[PDB]
DNA sequence: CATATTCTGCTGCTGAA
RNA sequence: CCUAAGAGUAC
DNA sequence: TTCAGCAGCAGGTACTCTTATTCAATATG
Ligand SMILES: [Mg+2]
Ligand SMILES: [Zn+2]
Ligand SMILES: [Zn+2]
Ligand SMILES: [Zn+2]
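Residue numbers (the deposited numbering), protein chains in the order written: chain A, 840 to 1079, 1093 to 1119; chain B, 69 to 155; chain C, 109 to 215; chain D, 1 to 171; chain E, 2 to 188, 197 to 249, 258 to 671; chain F, 1 to 5, 7 to 11; chain G, 1 to 5, 7 to 11; chain H, 1343 to 1454; chain I, 12 to 73, 117 to 220; chain J, 1128 to 1224.
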């Protein structure tokens, strides 16, 4: 029954999910436009932890001493202190991180940090570390402006929708906002310069691989997602106070006016 | 049909080739090679039509264009030359 | 908007539809005690303008009937005073992408 | 009468024919297939205009077949006889029932019932001719004829004419 | 031989337009008029002219061509006949609809009861979809029992505007079996609404009226719901022991002849009505034998008659049993056994199955030679060829052809030859609940009567080896073969969209061994190390430096298993209580393809998210992941073979 | 329903 | 109604 | 809110035995069930009554009645669904069939 | 639409019911609409000559009645091959019944008939048939009846007869 | 072997449309039938040896097409026609998507 | 003497107080 | 050859 | 300001094998 119901659902070339009549079921597949096979569980580092831990992990102050960065971290470590434009860049990066923290806490109420996202940033960082032989002792060649602008450009390059109008652009920004939050959480200036210690070419390689992997993870138009969903629901059901399992699935799919255990939850 | 055809300068589809597009391109090219179509790439001795088509796709010598259909009937013509094969 | 205590007599319901463009909407007090739109299961509903509806149908190449439907008896549709043919943008906090924007047409 | 009209033909090409001269093969197969043809929808098709760049379009591969289906669009000159239309012609044959006059690529059979009583058949003359007191209509004789009946035969269109109207007959 | 060449243009169906036959359309398309219930003439050797098996409808014998199209049974689609019914009868499937339509339209003047002057009729007629329009029009007009020759004015209900009404009272209509009975409100009179008067009132419905009722002017007019000419399907529809439909059509003709003779010779209305009811019952049971309440029309042998509706519906019906799911050729089915020595994407195919299933390879200059050799081999040995498809449509069978001499292959011909190694084949276990239960494997011809598959691929198939049977399908074209290899391939299905995690993993013995091999106690001496290194097909040829060099060179199991792990893989999983040092040897740390620490078990090499399988397939590719499956299986199976594992009663004793 | 799961109705 | 879908009424 | 509750119920059913299914599959299911403005069931009375083509509607259940209604109403079947092309034995516009492959004369001449 | 079976008026040139596909306006291959231009015998002859000479030039890169017949035969055999009996007969018919000679006269005639603002079929019939007087032309072509005034038709036919050459 | 409904659904999920078409047509039943563009019915008399195509009733001879449908589909359409339902098969779109 | 016929799962009121 | 029934095989 | 009259029976996916039979009884050419 499920497969017959969902058989005509397909992802079309405008990334919309439509049936045989052309009716839109989802304006983008899975509300993110990503293939399920390219999704892995990753930790969003901004939603969890404490405020002090968050500031220690992310905040960088070029003009004060409480949250400054060690000048040995980067090559221009003694000349960037006292700079103002770079301080503006750090301020906006941290403001964006705070906004991302608030947004993630608004999305996931339980504060769960491990959620399925397409591109595994951790493995890309590890691959760069093993490929370029980061010695963890030489000061980083990167400039902070390079890091911030590269992150912004990489976000601009993560295209799910290619349209050139306000509706498609806004939908594109909506479809990548969670992955963009993950990218900013991982590729932060303090984290890059301290925890990972990227070089210039290592950072550029990380950016390029993130872009390539994100573009590779996009759902392919023509995917018969309706049958995939129906089978992905039916097969675990075959593997199988309140009724559960096959009878409850029957009561859900067959929208039954009367069910065995009608329960209500009050907070 | 002029209204159906979206102009090339404002195609809104991905510049990458889908897995279904690649599979159909390889199948069509192999079926053409099996039926004595001219080969546009120099063979290194391979006799399988499928791997001949794979070699043709690797260096972009497949003279086919994908007509991708939008749900309203409009279509976009993407040449195999300009389609990026990342997978 | 008419707010009543218990019920409206059927002899008064029939004259609720007045001369256009005046639309009379009747609401029961018991149903208005709890604001449905504050439930975390209820996402954000924003009524789209005629220009916005035209732009949405143009950019997505959609017809009148190819959009997802919202009944003209849905509690949110009554809350926002939807009339038929008007499209509501639905902002949803999705767990795959942080923001999702759907659209539902009134029927 | 003569017109020029927009026509489209569907041509299927085998996979073996997709060499650099695909355009030339398509154009040559358009010829010999529609050139000098007859159909009830458009009458006679005599020649194709604007041969320099005939719109061949892309060409769609038939799935599971490999043959490409082209929708070639072109300008074609058409000679469609119409009911009750006057056209000039050259008489090529005469018989008891009527006479056959050559109009363009077609032969129009004008019956003996559709002539004035003064014009009468004469099989004694060699060749037989529709002779009158004032003139004689022989082989290779000009005549203006109003076509009033056409029967659609795909192999060769047939028409029936008349010269009863005023100033209809030999010029 | 298939079907010979036809000059008609080849197109695909773009739109299917449904509708009803007009009686004149049936009379126009019918190639013969059926008048005799007997299917065979008095000689009992020929099809009777005018009978139900008229040769103009199609040939019932292979030896004869169809009298209409002059084609064989293979080509002839069958041409319809028509039976001219003496009196109109109700189409059973439309009776309810008829009951609705006649309840929406005045039974005397044939006009819709509530015109646009009714306020609710503007709302009802404005509905777009025809079904909803008809539902609204019916549920509002069924309660009106007067034609309303005069109606209150739309501007104000003071003056009266006169439409074309007749003022008669509409009857309340019920169905009593296959007939409609109308009760007129007493000024109640009960009488049967004759099909003739219903057809007359349906033919008088205006175009606007019935197009507002959901009908179409061209494709379905309401009066076409009444049967006056029955289309007789050709013998292809009812092949022969006569078919049930043939007996039903014979009964229909018998009833039609009886009614015709009774009407012509003059008879009481009782006998005429009885014959009419018999004809209606026969027609209805011919179209639908499962009418509720009425007794089923029994076949000659005392069993229910299979109607057209019974043929279409059900699991074994036309749609579900022959179109949505049909029996296909080039398929095999046999028992499955496990093979640790096969690749993940490799399936063992019995030699006999490979000899029966065949693939058509197009003769090409690149493969003219090898195909020729297969043609020389014949069908009785493997590898070989079973058929040669000539470009003229003739098919040379390799059996009974060695007498004729050697066959010269020409470009464009086809060699239908035994499936060989590395042939992409679809492989299935049914019920096949998901797409991973139907995957593309590569053929490996084996000399035993069972399908052999990797142990890791049994998990998506939900397959055991206690008698399970599995199915094998072979593509018969290059496009299907290519998309089978590039879309449905087993390595591509390693990570499933079902749970964004691998569906295949190390299972059963290979799992147990991989736990025993990766223990800290497990030390492997030089000879077994060399054997295990050689057992890895892609081993680079360098012997790893032993974990212990003196006083005796010993390799650990982790060191040997790290050879199978591809270079460049980093995995770090922290289990319960594990530290950077692993006192319990739990968790997992692999750096650059070397197992730094951790006992390898279900959490590492199983079908789990973030495990070795997932990391390898997301870093190096599905082919590398399948090769990892093979390498790990080979090394662990060899070690477990030379180490041993058991279980007994003492293992259950405390 | 059906049967099973007449109609409704009949 | 009917029955089904007495009357109404009776 | 009904769609969100339906997804939560389906997810509870799936995760009752510890199994995990990606969000998009159940999201598609609950979006299909709620795309008509109300809760549409996976039953003969639900998805099989939407005007989505007589040939694919009849393939589920109530075949002959669906065909009769289509004949009476003179429905047009655009053959966009998978079942229509399966019944007609032609390539459905799914997967590899969601597009058309065409030959370019100019590109083929450009190669040689 | 898609009306099964066809009911339509019988074709009649006098009634100007040329056909469902011979209507006044036709969609060109560029996608826009153009008036159905109807070729008179001389204009059609020039069009055929231009098409054939252009085809001959493309294949190369890739007057009295007898000499014209020989020339058209040679050019026809050079341009096209077989199955041209219909085209040969049409070409000899055109060379026989030609009312205008070259580009200048046919251009003048076509612009003059365009200035008349009459139906393209009617102006093509005017150019096709070489009449003498006004009412004689009216009775030759029944589609001309009550479409233009007698004096205007007479004067335009006088200019046509003046443009009639050889 | 039965290529059932849900095996077809597995192939639909794979996206292998051409393999599904080959399974349902070439392997099982591939029937070439002649129809006309006037009425989509299969009432076209096709004398292939004589190269004659004629649909009686429509009185047409030049507007005939051929389609490849399963013989089960042809039998279904013919049974529908015997059941007073017209499955008119048209090879062109009368409506925009 | 051989052949024809007699267990689960849905729906629509209005009349009379 | 068809139909019906029964017995089982793997889920 | 408010409520009593019913009624109709199929039912997952593939696959193997066996067994009975498909009116009897009577009238008429
Ligand atoms: Mg088992
Ligand atoms: Zn036949
Ligand atoms: Zn009336
Ligand atoms: Zn027809």
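For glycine and all other residues, C-beta sits at the position ideal for the given N, C-alpha and C.
About 4 angstroms separates the beta carbon of residue 75/D from that of residue 49/D, a gap short enough to meet the 8 angstroms contact definition. Per the coordinates, the alpha-carbon of residue 625/E lies some 10 angstroms from the alpha-carbon of residue 632/E. DSSP places residue 430/E in the coil class of the three-state scheme, outside both helix and strand. Comparing alpha-carbon positions, the option among 61/I, 173/I and 190/I lying closest to residue 166/D turns out to be 190/I. The Cβ atoms of residue 149/B and residue 136/B do not sit closer than 8 angstroms to each other. Among the CB atoms of chain I, one or more fall inside 8 angstroms of the CB of residue 1217/J.
When the alpha-carbon of residue 143/C is set against those of 111/C, 175/C, 187/C and 202/C, the nearest one is in 187/C. Under DSSP, residue 7/D forms a beta bridge with 74/D. Counting every other CB atom within 10 Å of its CB across the protein chains shown gives residue 103/E a total of 16 or more, marking it as buried. Taken in chain order, the members of the stretch 1167-1195 of chain J whose beta-carbon sits within less than 9 angstroms of a beta-carbon on chain H are 1194 and 1195.
Less than 8 angstroms separates the beta-carbon of residue 197/C from that of residue 209/C. A contact is defined here as three or more CB-CB pairs under 8 angstroms, and the stretch 107-127 of chain E fails this definition with respect to the stretch 236-247 of chain E.
In the three-state reduction of the DSSP assignment, residue 70/E falls in the coil class. Burial state of residue 1059/A is buried, judged by a 10 Å Cβ sphere holding 16 or more other Cβ atoms. Checking the 7 angstroms criterion, the Cβ of residue 154/B is out of range of every heavy atom belonging to ligand 1. If you ignore the 5 residues before and after residue 350/E, its C-beta comes within less than 6 angstroms of the C-beta of 486 and 488, all in its own chain and listed in chain order.
Per DSSP, residue 1044/A lies in no beta strand (DSSP E); the unbroken alpha helix (DSSP H) holding it starts and ends at 1039-1055. Fully enclosed alpha helix (DSSP H) runs of no fewer than 4 residues occupy 960-971 of the stretch 931-992 of chain A, in order along the chain. Counting along the chain, the unbroken alpha helix (DSSP H) around residue 1102/A starts and ends at 1098-1105.
Cα atoms of residue 1074/A and residue 1104/A: separation of roughly 16 angstroms, rounded to the nearest angstrom. Contact note: residue 1145/J reaches chain B through 92 and 95, using a C-beta cutoff of 8 angstroms and chain order. Residue 17/E and residue 1418/H have their C-alpha atoms some 6 angstroms from each other. Excluding residues up to 5 positions away in sequence, 177, 178, 179, 180 and 192 lie with their Cβ nearer than 8 angstroms to the Cβ of residue 215/C in the same chain. A residue is called buried when at least 16 other Cβ atoms come within 10 angstroms of its Cβ; residue 63/D meets this threshold and is buried. Against chain J, a Cβ distance below 8 angstroms from residue 861/A picks out 1224. Between residue 926/A and residue 908/A, the C-beta gap is not smaller than 8 angstroms, which leaves the two residues out of contact. Ranking 146/E, 119/E, 167/E and 133/E by CA distance to the CA of residue 154/E puts 119/E first. Excluding its 5 nearest sequence neighbours in each direction, residue 175/I has C-beta neighbours in its own chain below 6 angstroms: 49, listed in chain order.
Distance check between residue 115/B and each of 398/E, 327/E, 382/E and 399/E places 382/E closest, using alpha-carbon atoms only. Per the CB criterion, closer than 6 angstroms to any heavy atom of ligand 1, the qualifying residues run in chain order as 481/E, 483/E and 485/E.
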